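Asker: Below is the file protein_20.txt, which contains compact mmCIF, C-alpha atoms.
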# COMPACT_ATOMS: atom_id res chain seq x y z
CA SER A 1856 0.00 0.00 0.00
CA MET A 1857 1.16 3.68 0.19
CA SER A 1858 4.79 3.90 1.53
CA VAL A 1859 4.69 0.10 2.22
CA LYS A 1860 6.54 -2.05 -0.29
CA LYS A 1861 7.76 -5.63 -0.46
CA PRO A 1862 11.54 -5.88 -1.03
CA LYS A 1863 12.62 -4.88 -4.63
CA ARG A 1864 13.11 -8.01 -6.92
CA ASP A 1865 15.94 -7.32 -9.42
CA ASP A 1866 14.25 -7.14 -12.83
CA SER A 1867 17.20 -5.50 -14.69
CA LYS A 1868 18.17 -8.74 -16.54
CA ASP A 1869 14.59 -9.74 -17.50
CA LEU A 1870 14.82 -8.27 -21.05
CA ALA A 1871 17.96 -10.16 -21.82
CA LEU A 1872 16.83 -13.38 -20.31
CA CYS A 1873 13.35 -13.36 -22.13
CA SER A 1874 15.46 -12.78 -25.38
CA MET A 1875 17.49 -15.85 -24.68
CA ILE A 1876 14.49 -17.98 -23.99
CA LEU A 1877 12.91 -16.70 -27.21
CA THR A 1878 16.14 -17.58 -29.11
CA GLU A 1879 15.96 -21.10 -27.81
CA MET A 1880 12.29 -21.36 -28.84
CA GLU A 1881 13.14 -19.96 -32.32
CA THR A 1882 15.86 -22.57 -32.86
CA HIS A 1883 13.94 -25.65 -31.62
CA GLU A 1884 13.21 -28.08 -34.45
CA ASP A 1885 9.47 -28.10 -33.69
CA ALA A 1886 9.22 -24.29 -33.92
CA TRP A 1887 8.29 -24.26 -37.67
CA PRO A 1888 4.53 -23.82 -37.19
CA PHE A 1889 5.12 -20.79 -34.92
CA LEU A 1890 7.95 -18.80 -36.59
CA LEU A 1891 5.74 -16.51 -38.71
CA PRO A 1892 2.21 -15.22 -38.51
CA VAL A 1893 -0.47 -17.66 -39.87
CA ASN A 1894 -1.39 -16.41 -43.38
CA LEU A 1895 -4.94 -15.14 -42.89
CA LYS A 1896 -5.65 -15.02 -46.63
CA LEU A 1897 -4.59 -18.63 -47.18
CA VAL A 1898 -5.89 -20.47 -44.08
CA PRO A 1899 -9.65 -20.66 -44.12
CA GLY A 1900 -11.25 -20.16 -40.74
CA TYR A 1901 -8.19 -18.69 -38.94
CA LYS A 1902 -9.15 -15.06 -39.07
CA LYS A 1903 -12.66 -15.57 -37.62
CA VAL A 1904 -11.84 -18.18 -35.11
CA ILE A 1905 -8.50 -16.98 -33.58
CA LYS A 1906 -9.26 -13.64 -32.08
CA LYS A 1907 -5.65 -12.82 -31.16
CA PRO A 1908 -3.07 -14.34 -33.50
CA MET A 1909 0.46 -14.55 -32.13
CA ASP A 1910 3.75 -16.00 -33.35
CA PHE A 1911 7.48 -15.95 -32.46
CA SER A 1912 8.44 -13.21 -34.97
CA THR A 1913 5.74 -10.91 -33.66
CA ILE A 1914 6.90 -11.59 -30.07
CA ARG A 1915 10.47 -10.86 -31.17
CA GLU A 1916 9.48 -7.46 -32.69
CA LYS A 1917 7.38 -6.51 -29.59
CA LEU A 1918 10.35 -7.47 -27.34
CA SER A 1919 12.96 -5.55 -29.36
CA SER A 1920 10.82 -2.41 -29.38
CA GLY A 1921 9.81 -2.16 -25.68
CA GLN A 1922 6.28 -3.27 -26.04
CA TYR A 1923 6.42 -5.73 -23.07
CA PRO A 1924 5.96 -3.82 -19.82
CA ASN A 1925 7.13 -6.76 -17.76
CA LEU A 1926 8.14 -10.45 -17.96
CA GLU A 1927 4.52 -11.63 -17.34
CA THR A 1928 3.13 -9.87 -20.41
CA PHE A 1929 5.91 -11.65 -22.35
CA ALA A 1930 4.85 -15.11 -21.00
CA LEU A 1931 1.20 -14.35 -21.83
CA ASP A 1932 2.06 -13.89 -25.59
CA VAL A 1933 4.21 -17.02 -25.64
CA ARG A 1934 1.33 -19.01 -24.02
CA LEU A 1935 -1.13 -17.43 -26.49
CA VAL A 1936 0.84 -18.98 -29.36
CA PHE A 1937 0.19 -22.45 -27.85
CA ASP A 1938 -3.40 -21.82 -26.86
CA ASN A 1939 -4.12 -20.66 -30.37
CA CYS A 1940 -2.44 -23.76 -31.71
CA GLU A 1941 -4.61 -26.02 -29.51
CA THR A 1942 -7.76 -24.17 -30.53
CA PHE A 1943 -7.15 -24.81 -34.30
CA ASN A 1944 -5.23 -28.09 -34.51
CA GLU A 1945 -6.09 -31.65 -33.51
CA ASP A 1946 -3.79 -33.09 -30.77
CA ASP A 1947 -2.96 -35.96 -33.14
CA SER A 1948 -1.39 -33.86 -35.96
CA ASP A 1949 2.13 -32.80 -36.50
CA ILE A 1950 1.31 -29.17 -35.63
CA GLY A 1951 -0.81 -30.22 -32.63
CA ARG A 1952 2.11 -32.24 -31.23
CA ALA A 1953 4.57 -29.44 -32.02
CA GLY A 1954 2.51 -27.12 -29.90
CA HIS A 1955 2.45 -29.42 -26.91
CA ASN A 1956 6.16 -30.03 -27.16
CA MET A 1957 7.02 -26.30 -27.44
CA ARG A 1958 4.78 -25.37 -24.51
CA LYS A 1959 6.53 -27.94 -22.32
CA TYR A 1960 9.92 -26.73 -23.46
CA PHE A 1961 8.95 -23.08 -22.73
CA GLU A 1962 7.48 -23.78 -19.28
CA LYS A 1963 10.62 -25.51 -18.08
CA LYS A 1964 12.92 -22.75 -19.28
CA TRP A 1965 10.59 -20.25 -17.65
CA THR A 1966 10.63 -21.99 -14.22
CA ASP A 1967 14.38 -22.63 -14.34
CA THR A 1968 15.16 -19.06 -15.31
CA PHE A 1969 12.78 -17.14 -13.00
CA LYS A 1970 11.21 -19.40 -10.18
Could you write out this file's structure as structure tokens?
Answerer:
Amino acid sequence: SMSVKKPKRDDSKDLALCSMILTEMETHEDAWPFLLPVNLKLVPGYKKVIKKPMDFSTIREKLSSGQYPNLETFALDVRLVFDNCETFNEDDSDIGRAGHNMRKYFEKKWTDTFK
């Protein structure tokens, strides 16, 4: 509350560390469905169904340009990529499986880096 703060967590390395995580996600072999925005002209249904499209390149541009106010807003966009994927793809598809794998990979890096 006013003039009453918890001790100050050091957040000065967060930008760099989210960048590194993102690099590792970008270079994973199962990243291919997520590297670029889904082409809304060429994928019937995507535009109407997925209200908030998100992909690694869009996260990279937002990160590089100071559009994440904190590390939680960064995690929310990463998770959105996988939630979108689950919404549009069957679990038993290559892309469906990619999404589960990448989410697992992300969540571990996230815990190990920050928790």
Asker: Between A:1894, A:1856, A:1948, A:1966, which is the closest to residue A:1876 once you count only C-alpha atoms?
Answerer: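 Checking each candidate against residue A:1876, we get A:1966 as the closest.
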Asker: For each of A:1857, A:1953, A:1872, A:1940, take the minimum atom-to-atom distance to residue A:1892, counting all atoms listed in the file, then give the residue where this is smallest.
Answerer: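 The closest residue to residue A:1892 is A:1940.
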Asker: Between A:1961, A:1899, A:1877, A:1867, single out the one closest to residue A:1918, counting only C-alpha atoms.
Answerer: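 Among the listed residues, A:1877 lies closest to residue A:1918.
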Asker: Residues near stretch 1901-1916 of chain A, anyone? I mean within 8 Å using only C-alpha atoms, not counting same-chain ones fewer than 3 positions away, as a PyMOL selection string.
Answerer: chain A and resi 1874+1877+1881+1889-1893+1895+1898+1919-1920+1929+1932-1933+1935-1936+1939+1942-1943
Asker: As an exercise, work out the distance from atom CA of residue A:1967 to atom CA of residue A:1861 in Å and give it to one decimal place.
Answerer: 22.9 Å
Asker: Using only C-alpha atoms, which of A:1926, A:1931, A:1950, A:1957 sits nearest residue A:1865?
Answerer: A:1926
Asker: Skipping near chain neighbours, those fewer than 6 positions away, what residues fall within 10 Å of residue A:1962 using all atoms listed in the file, listed as a ChimeraX atom specification?
Answerer: /A:1930,1933-1934,1968
Asker: Considering only C-alpha atoms, return as a list in words whatever protein or nucleic-acid residues lie within 8 Å of residue A:1951, sequence-local ones (same chain, fewer than 6 positions apart) excluded.
Answerer: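 Within the cut-off, the hits are residues 1940, 1941, 1944 and 1945 of chain A.
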Asker: How many Å separate atom CA of residue A:1970 from atom CA of residue A:1868?
Answerer: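 Separating atom CA of residue A:1970 from atom CA of residue A:1868 is a distance of 14.2 Å.
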Asker: Residues at most 12 Å from residue A:1946, counting all atoms listed in the file, excluding those fewer than 6 positions away in the same chain, as an MDAnalysis selection string?
Answerer: chainID A and resid 1937:1938 1940 1952:1956
Asker: In Å, rounded to a single decimal, give me how far atom CA of residue A:1963 is from atom CA of residue A:1880.
Answerer: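 About the pair atom CA of residue A:1880 and atom CA of residue A:1963: they are 11.7 Å apart.
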Asker: Grab all the atoms of stretch 1867-1885 of chain A that the file lists, wrap them in a box along x, y and z, add 6 Å per side, and give me centre plus edge lengths in Å (one decimal) as AutoDock Vina command-line options.
Answerer:
--center_x 13.8 --center_y -16.8 --center_z -24.6 --size_x 20.7 --size_y 34.6 --size_z 31.8
